Every structure is written in C-alpha cells, then in structure tokens.
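Trainee: File follows, input.txt with compact mmCIF, C-alpha atoms (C1' of nucleotides):
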# COMPACT_ATOMS: atom_id res chain seq x y z
CA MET Q 1 20.27 28.46 -20.66
CA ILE Q 2 16.54 27.78 -20.45
CA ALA Q 3 15.07 28.77 -17.06
CA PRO Q 4 14.31 25.68 -14.86
CA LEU Q 5 10.59 24.70 -15.00
CA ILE Q 6 8.73 25.60 -11.74
CA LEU Q 7 5.83 23.28 -10.72
CA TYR Q 8 3.60 24.52 -7.85
CA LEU Q 9 2.29 21.51 -5.84
CA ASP Q 10 -0.62 21.39 -3.33
CA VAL Q 11 -1.58 18.02 -1.72
CA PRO Q 12 -4.27 17.72 1.04
CA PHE Q 13 -2.60 14.57 2.50
CA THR Q 14 0.86 13.03 1.81
CA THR Q 15 2.80 10.04 3.27
CA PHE Q 16 6.54 9.84 2.50
CA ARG Q 17 7.29 6.63 4.40
CA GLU Q 18 10.90 6.10 5.43
CA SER Q 19 13.02 3.48 3.70
CA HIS Q 20 13.76 1.63 6.94
CA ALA Q 21 10.31 2.31 8.47
CA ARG Q 22 8.62 -1.04 7.89
CA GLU Q 23 7.19 -1.86 11.32
CA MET Q 24 5.61 1.61 11.57
CA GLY Q 25 4.71 4.07 8.82
CA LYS Q 26 7.04 6.93 9.70
CA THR Q 27 7.00 9.74 7.15
CA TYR Q 28 9.59 12.19 5.85
CA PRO Q 29 8.92 15.89 6.55
CA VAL Q 30 9.64 16.74 2.89
CA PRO Q 31 8.91 14.70 -0.26
CA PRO Q 32 12.06 12.81 -1.24
CA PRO Q 33 13.58 13.43 -4.68
CA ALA Q 34 12.69 9.85 -5.65
CA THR Q 35 9.00 10.37 -4.89
CA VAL Q 36 8.92 13.66 -6.80
CA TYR Q 37 10.71 12.01 -9.73
CA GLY Q 38 8.16 9.19 -9.77
CA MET Q 39 5.31 11.70 -9.61
CA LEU Q 40 6.77 13.63 -12.56
CA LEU Q 41 7.20 10.41 -14.55
CA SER Q 42 3.55 9.59 -13.85
CA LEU Q 43 2.59 13.12 -14.89
CA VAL Q 44 4.30 12.73 -18.27
CA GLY Q 45 3.13 9.10 -18.51
CA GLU Q 46 6.62 7.56 -18.58
CA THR Q 47 6.65 3.99 -17.28
CA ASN Q 48 10.41 3.48 -17.69
CA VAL Q 49 12.28 4.79 -14.66
CA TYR Q 50 15.72 4.94 -16.32
CA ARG Q 51 14.44 7.18 -19.12
CA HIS Q 52 14.93 10.52 -17.35
CA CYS Q 53 18.03 9.87 -15.26
CA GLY Q 54 20.05 13.04 -14.75
CA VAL Q 55 17.17 15.44 -14.10
CA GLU Q 56 17.79 17.82 -11.19
CA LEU Q 57 15.01 18.70 -8.74
CA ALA Q 58 14.78 21.41 -6.08
CA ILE Q 59 11.98 21.47 -3.50
CA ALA Q 60 10.90 24.58 -1.58
CA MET Q 61 8.37 24.20 1.23
CA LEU Q 62 5.75 26.94 1.27
CA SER Q 63 4.65 25.90 4.78
CA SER Q 64 5.50 23.40 7.50
CA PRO Q 65 2.94 20.56 7.30
CA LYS Q 66 1.60 19.02 10.48
CA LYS Q 67 2.29 15.36 11.23
CA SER Q 68 -0.60 13.08 12.19
CA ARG Q 69 -1.00 9.36 12.81
CA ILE Q 70 -3.87 7.24 11.49
CA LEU Q 71 -4.57 3.60 12.26
CA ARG Q 72 -4.80 1.28 9.27
CA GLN Q 73 -5.64 -2.39 8.74
CA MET Q 74 -2.97 -2.85 6.10
CA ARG Q 75 -2.61 -6.25 4.45
CA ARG Q 76 0.56 -8.24 3.81
CA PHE Q 77 1.70 -11.46 2.15
CA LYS Q 78 2.28 -13.61 5.23
CA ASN Q 79 0.10 -16.67 4.58
CA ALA Q 80 -0.73 -18.44 1.33
CA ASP Q 81 -4.44 -18.29 2.14
CA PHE Q 82 -5.89 -14.87 1.36
CA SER Q 83 -8.58 -15.23 4.03
CA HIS Q 84 -6.14 -16.18 6.79
CA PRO Q 85 -6.27 -13.71 9.71
CA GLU Q 86 -2.47 -13.44 9.65
CA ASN Q 87 -2.64 -11.41 6.43
CA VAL Q 88 -4.17 -8.36 8.19
CA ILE Q 89 -2.14 -6.34 10.69
CA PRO Q 90 -3.05 -3.05 12.39
CA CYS Q 91 -0.27 -0.45 12.43
CA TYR Q 92 0.04 3.32 12.37
CA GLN Q 93 0.77 5.42 9.30
CA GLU Q 94 2.01 9.00 9.63
CA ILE Q 95 0.51 11.57 7.26
CA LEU Q 96 1.20 15.22 6.47
CA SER Q 97 -1.69 17.67 6.14
CA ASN Q 98 -1.93 20.61 3.72
CA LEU Q 99 1.40 20.26 1.92
CA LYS Q 100 2.20 23.23 -0.33
CA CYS Q 101 5.53 23.31 -2.14
CA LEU Q 102 7.27 24.59 -5.26
CA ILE Q 103 9.30 22.15 -7.36
CA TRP Q 104 12.12 23.30 -9.63
CA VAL Q 105 12.86 21.01 -12.59
CA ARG Q 106 16.17 21.40 -14.42
CA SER Q 107 17.09 18.98 -17.20
CA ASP Q 108 20.57 20.03 -18.34
CA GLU Q 109 22.19 16.65 -17.62
CA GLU Q 110 19.77 14.44 -19.58
CA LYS Q 111 21.19 12.53 -22.55
CA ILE Q 112 17.84 11.47 -24.07
CA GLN Q 113 15.56 13.86 -25.92
CA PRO Q 114 12.99 15.17 -25.25
CA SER Q 115 14.01 16.00 -21.68
CA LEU Q 116 11.73 15.68 -18.66
CA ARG Q 117 11.39 19.47 -18.41
CA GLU Q 118 10.26 19.69 -22.04
CA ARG Q 119 7.84 16.80 -21.54
CA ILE Q 120 6.26 18.45 -18.49
CA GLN Q 121 6.00 21.77 -20.33
CA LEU Q 122 4.36 20.06 -23.31
CA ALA Q 123 1.97 18.14 -21.05
CA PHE Q 124 0.87 21.38 -19.40
CA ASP Q 125 0.63 23.14 -22.77
CA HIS Q 126 -1.63 20.52 -24.40
CA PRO Q 127 -3.18 18.36 -21.67
CA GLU Q 128 -5.32 16.54 -24.25
CA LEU Q 129 -2.20 15.02 -25.85
CA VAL Q 130 -0.92 13.37 -22.65
CA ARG Q 131 -1.11 9.57 -22.67
CA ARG Q 132 -1.09 8.30 -19.08
CA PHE Q 133 -3.02 5.98 -16.78
CA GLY Q 134 -4.44 6.43 -13.31
CA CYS Q 135 -4.85 9.56 -11.22
CA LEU Q 136 -1.94 11.79 -10.28
CA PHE Q 137 -0.88 11.32 -6.67
CA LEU Q 138 2.04 12.09 -4.36
CA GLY Q 139 2.92 9.25 -2.01
CA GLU Q 140 0.18 6.64 -1.76
CA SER Q 141 -2.26 5.98 -4.58
CA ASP Q 142 -5.17 7.30 -2.51
CA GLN Q 143 -3.40 10.61 -1.75
CA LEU Q 144 -4.43 12.54 -4.84
CA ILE Q 145 -2.89 15.87 -5.82
CA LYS Q 146 -5.18 18.86 -5.36
CA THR Q 147 -3.34 21.54 -7.34
CA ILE Q 148 -0.39 21.05 -9.68
CA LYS Q 149 0.29 23.96 -12.01
CA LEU Q 150 3.02 25.94 -13.71
CA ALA Q 151 4.06 28.83 -11.47
CA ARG Q 152 6.67 31.57 -11.29
CA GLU Q 153 9.47 32.22 -8.80
CA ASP Q 154 7.11 34.37 -6.68
CA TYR Q 155 3.80 32.50 -6.75
CA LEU Q 156 3.27 33.28 -3.06
CA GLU Q 157 6.20 35.77 -2.98
CA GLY Q 158 6.63 34.91 0.69
CA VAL Q 159 9.33 32.98 2.54
CA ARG Q 160 10.58 29.57 1.42
CA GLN Q 161 11.83 26.57 3.40
CA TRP Q 162 14.45 25.10 1.08
CA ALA Q 163 15.87 21.58 1.28
CA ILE Q 164 19.65 22.05 1.28
CA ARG Q 165 22.05 19.15 0.78
CA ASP Q 166 23.96 19.31 4.07
CA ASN Q 167 26.22 16.46 5.14
CA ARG Q 168 25.33 17.31 8.76
CA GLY Q 169 21.61 17.48 8.03
CA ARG Q 170 18.91 15.56 9.85
CA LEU Q 171 16.83 14.18 6.99
CA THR Q 172 18.12 11.29 4.86
CA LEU Q 173 15.97 11.42 1.75
CA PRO Q 174 16.50 8.95 -1.11
CA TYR Q 175 16.89 10.07 -4.71
CA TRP Q 176 16.61 6.45 -5.89
CA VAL Q 177 14.45 3.76 -4.29
CA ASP Q 178 14.78 -0.03 -4.42
CA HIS Q 179 11.25 -1.28 -3.77
CA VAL Q 180 12.30 -4.90 -3.21
CA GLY Q 181 14.92 -4.52 -0.49
CA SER Q 182 17.38 -1.71 0.19
CA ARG Q 183 20.44 -2.67 -1.90
CA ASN Q 184 19.82 -0.22 -4.75
CA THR Q 185 18.40 2.61 -2.64
CA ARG Q 186 20.64 5.69 -2.70
CA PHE Q 187 20.48 8.36 -0.01
CA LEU Q 188 21.47 11.98 0.52
CA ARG Q 189 21.36 14.09 3.67
CA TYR Q 190 19.33 17.31 3.66
CA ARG Q 191 18.43 20.17 5.97
CA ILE Q 192 15.47 22.55 5.91
CA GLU Q 193 16.84 26.10 5.95
CA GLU Q 194 14.46 29.04 6.28
CA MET Q 195 15.56 31.48 3.57
CA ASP Q 196 13.92 34.35 1.63
CA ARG Q 197 15.47 33.40 -1.75
CA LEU Q 198 13.20 33.16 -4.78
CA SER Q 199 15.54 30.79 -6.64
CA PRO Q 200 17.11 27.56 -5.39
CA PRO Q 201 20.68 27.74 -4.08
CA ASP Q 202 23.32 25.55 -5.67
CA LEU Q 203 23.18 22.95 -2.90
CA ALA Q 204 19.38 22.69 -3.17
CA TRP Q 205 19.58 20.79 -6.48
CA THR Q 206 19.49 16.98 -6.41
CA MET Q 207 20.26 14.93 -9.51
CA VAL Q 208 18.35 11.67 -9.92
CA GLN Q 209 20.81 9.00 -11.07
CA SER Q 210 20.82 5.23 -11.23
CA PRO Q 211 22.53 3.43 -8.32
CA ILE Q 212 25.14 2.08 -10.76
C1' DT R 1 -52.73 80.97 43.68
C1' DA R 2 -49.10 76.77 48.33
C1' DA R 3 -46.60 72.90 50.63
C1' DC R 4 -45.65 68.60 51.41
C1' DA R 5 -44.37 63.32 47.83
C1' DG R 6 -43.00 59.38 54.73
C1' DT R 7 -40.91 59.52 59.01
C1' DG R 8 -38.35 53.04 61.32
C1' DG R 9 -36.57 48.53 61.40
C1' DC R 10 -35.38 44.17 59.57
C1' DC R 11 -33.51 41.64 53.88
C1' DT R 12 -33.41 34.67 57.02
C1' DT R 13 -32.58 32.01 61.00
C1' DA R 14 -30.59 25.12 60.45
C1' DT R 15 -29.06 21.44 57.63
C1' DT R 16 -27.49 18.18 54.47
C1' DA R 17 -24.13 18.94 49.24
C1' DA R 18 -24.38 12.09 47.74
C1' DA R 19 -25.11 7.44 48.77
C1' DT R 20 -22.51 1.68 44.50
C1' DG R 21 -20.22 -0.63 40.99
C1' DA R 22 -18.20 -1.33 36.91
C1' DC R 23 -12.23 2.17 34.52
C1' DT R 24 -12.66 -3.18 28.13
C1' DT R 25 -13.34 -7.73 26.07
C1' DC R 26 -10.41 -10.65 20.95
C1' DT R 27 -7.28 -10.66 17.13
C1' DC R 28 -3.99 -9.52 13.64
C1' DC R 29 3.89 -12.08 15.97
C1' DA R 30 8.44 -12.19 13.50
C1' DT R 31 11.97 -15.00 12.11
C1' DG R 32 14.86 -18.69 11.35
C1' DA R 33 15.52 -23.96 11.44
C1' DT R 34 13.63 -27.64 9.22
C1' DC R 35 10.46 -30.46 5.89
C1' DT R 36 9.61 -31.10 1.67
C1' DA R 37 8.90 -30.98 -3.32
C1' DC R 38 11.05 -30.08 -7.81
As structure tokens, please, write out the structure in this file.
Mentor:
Amino acid sequence: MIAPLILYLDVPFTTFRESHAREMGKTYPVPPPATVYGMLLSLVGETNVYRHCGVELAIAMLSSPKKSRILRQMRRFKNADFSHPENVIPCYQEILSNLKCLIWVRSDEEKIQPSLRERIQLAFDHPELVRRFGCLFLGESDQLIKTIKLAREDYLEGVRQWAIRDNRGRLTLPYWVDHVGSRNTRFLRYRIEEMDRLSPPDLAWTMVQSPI
DNA sequence: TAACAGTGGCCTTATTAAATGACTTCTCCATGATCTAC
C-alpha cells in the first residue's frame, strides 16, 4: 500500500472554536478533523465537501500551543438595519499561538478518483497547476498558514503528542460540521497522549464521513 | 657612606520621612409571544 502522505503544518495563530461555544469563542486544543479536512479541500481547490468523504486523517502535535484571549467587536445579524448598534457585540475569542503539527493523510477508503492524497501530492508537485481561490488558512480567514510542506516521519525527529480516539477522552472534536445548526455535526472523543512513535497508531486515524 | 618616613584623638551630634482627592464614564441583551404581511 502507498505510504500515507505527511503534511507538516505551522500556523502563527489558530482558532478552533467549539461547536457549542457561541456566547464565547472557546477554542479546541487541537485542530478538529473537520477543520483539517476543509483546509485540505481548500488546498486542492475542491469546493464540494462530499467529494473526498472517506479520507482518514491523523494529527500529531509537535508542541503544546498556548491559549490566549483577545477581545473582538464581532458583528452579527440581529437587526435589519446594518448601522444599528445592536449588530456589534464585544466578546472574547480564544486563540492558539505557534501551532506546529504533522498531518497524516490516508485515502484508502475513497471511492472517487483521484483521491485526496493524490490531489495534495500533485498540488505540491506542480503548484502552478493548482486552481484555487483565496489564501490558505487554518481556522479563521485571517489566520493564514505560515508553513505547509511535504515532510517525512521524522521532520523534527522528536516527541509527538498524538490525538488518540479514546471514548474516555476529554476533547470532543467534530469530523463533520453543520454550519447552520448542530443537527448534522458528528463528534468523536479524543485524548492527547505523549508518545515517541514516528507513525500514527491505529486509533489515531479519523475517517471523514457524511452524517448520513 | 646612616637613620628615621609621626607619635593622639575624634569620623556627627537633632529632626522630620508627607501633607488631598479622585480608584472610570457609555454601549453593544437574548429569546419567545405576538403582529403582520404574503
């Protein structure tokens, strides 16, 4: 079998807001599989979200990012008038600083060719042939990606904080997100285990599937 | 050519170590019952 594609990721600032965190911008410690899947789709310029269902992703944290809060005058659709003062509310948003991680992409379960792994490999091979819009970001549109590159299993050859699918884990990261409400959002429970493995364990792989 | 290279005694006594008053002001609500227009 083809070795799973490894994508080194370095982001200066990242906000993985929680699904139920609407009054305050609480963030996940680790990028959810849904956010990484959306980032990869943006990287290959794929607008359709159902195109690459079945891809498996594994995330290894190269360091523990620090959590910080920033005030923000975020807008909302509360009043019909755009200039009404009710449309602006001040609330906190939690950000993560200096996020470095390695992403494993495995595309054995995809039924549509070419697979997401092949598309990412081709995009990195010939960047001038990639047809996409906007700037690559992880989280919010203003949180641009500093370094995204093809790496090996030992890019830093140090110690890795894996995200293991544990039913007793603390984090509840979604592998599918319903942006309207929460009906179609699908969750999985993870834990961050400090391990010196250079390849993801079996429980570290998360398959992105439709809620159906 | 020589032998000395200071013998003393002191090394601050007082007194006062802050007196005032202020210790953010506004605004941006969320949600459901009801009114109302299509």
Trainee: Just need the residues of chain R within 12 Å of chain Q, counting only C-alpha atoms (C1' of nucleotides), so spit them out as a PyMOL selection string.
Mentor: chain R and resi 27-31
Trainee: For residue 112 (chain Q), work out the shell of residues within 8 Å, counting all atoms listed in the file and skipping chain neighbours fewer than 2 positions away, then give it as a list in words.
Mentor: residues 51, 52, 110, 114 and 115 of chain Q
Trainee: Quick one: residues within 6 Å of residue 16 (chain Q), all atoms listed in the file counted, chain neighbours fewer than 5 positions away excluded, as a PyMOL selection string?
Mentor: chain Q and resi 27-28+139
Trainee: Go ahead and write the selection's residues with C-alpha atoms as a compact mmCIF listing (two decimals), keeping the file's coordinate frame.
Mentor:
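Written out: selection.txt:
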# COMPACT_ATOMS: atom_id res chain seq x y z
CA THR Q 27 7.00 9.74 7.15
CA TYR Q 28 9.59 12.19 5.85
CA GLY Q 139 2.92 9.25 -2.01
Trainee: What's the 7 Å shell around region 18-26 of chain Q, counting only C-alpha atoms (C1' of nucleotides), without same-chain residues fewer than 5 positions away, as a list in words?
Mentor: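 Contacts, in chain order: residues 91, 92, 93 and 94 of chain Q.
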Trainee: Go ahead and write the residues just picked, C-alpha atoms, as a PDB file, keeping the file's coordinate frame.
Mentor:
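Written output follows (part12.pdb):
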ATOM      1  CA  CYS Q  91      -0.270  -0.450  12.430  1.00  0.00           C
ATOM      2  CA  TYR Q  92       0.040   3.320  12.370  1.00  0.00           C
ATOM      3  CA  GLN Q  93       0.770   5.420   9.300  1.00  0.00           C
ATOM      4  CA  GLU Q  94       2.010   9.000   9.630  1.00  0.00           C
TER       5      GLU Q  94
END
Trainee: Fewer than 3 positions away in the same chain doesn't count, so skip those; otherwise give me all residues within 9 Å of residue 9 (chain Q), counting all atoms listed in the file, as a PyMOL selection string.
Mentor: chain Q and resi 99-103+145-149
Trainee: What does the distance between CA of residue 163 (chain Q) and CA of residue 200 (chain Q) come to in Å, to one decimal place?
Mentor: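 Here the two named atoms are 9.0 Å from each other.
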Trainee: One decimal, Å: what's the distance from CA of residue 109 (chain Q) over to CA of residue 57 (chain Q), could you say?
Mentor: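 These atoms are spaced 11.6 Å apart.
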Trainee: Select all residues near (15.3, 23.9, 5.7) (cut-off 6 Å, inclusive, file coordinates), counting only C-alpha atoms (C1' of nucleotides), and output them as a count of residues only.
Mentor: 7
Trainee: Between Q:198, Q:134, Q:175, Q:8, which residue has the minimum interatomic distance to residue 53 (chain Q), considering only C-alpha atoms?
Mentor: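 For residue 53 (chain Q), the nearest of the candidates is Q:175.
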Trainee: Kindly give the distance, in Å, that separates CA of residue 63 (chain Q) and CA of residue 37 (chain Q), rounded to a single decimal.
Mentor: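 Computing the Euclidean distance for CA of residue 63 (chain Q) and CA of residue 37 (chain Q) yields 21.0 Å.
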Trainee: From the options Q:6, Q:95, Q:55, Q:164, which residue's atoms come nearest to residue 208 (chain Q), counting all atoms listed in the file?
Mentor: Q:55
Trainee: Go ahead and find all residues with at least one atom no further than 12 Å from (-5.1, 5.1, -16.4) in the file's coordinates, using all atoms listed in the file; report them as a PDB file with C-alpha atoms, keeping the file's coordinate frame.
Mentor:
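Just written: point_25.pdb:
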ATOM      1  CA  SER Q  42       3.550   9.590 -13.850  1.00  0.00           C
ATOM      2  CA  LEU Q  43       2.590  13.120 -14.890  1.00  0.00           C
ATOM      3  CA  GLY Q  45       3.130   9.100 -18.510  1.00  0.00           C
ATOM      4  CA  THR Q  47       6.650   3.990 -17.280  1.00  0.00           C
ATOM      5  CA  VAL Q 130      -0.920  13.370 -22.650  1.00  0.00           C
ATOM      6  CA  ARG Q 131      -1.110   9.570 -22.670  1.00  0.00           C
ATOM      7  CA  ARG Q 132      -1.090   8.300 -19.080  1.00  0.00           C
ATOM      8  CA  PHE Q 133      -3.020   5.980 -16.780  1.00  0.00           C
ATOM      9  CA  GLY Q 134      -4.440   6.430 -13.310  1.00  0.00           C
ATOM     10  CA  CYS Q 135      -4.850   9.560 -11.220  1.00  0.00           C
ATOM     11  CA  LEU Q 136      -1.940  11.790 -10.280  1.00  0.00           C
TER      12      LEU Q 136
END
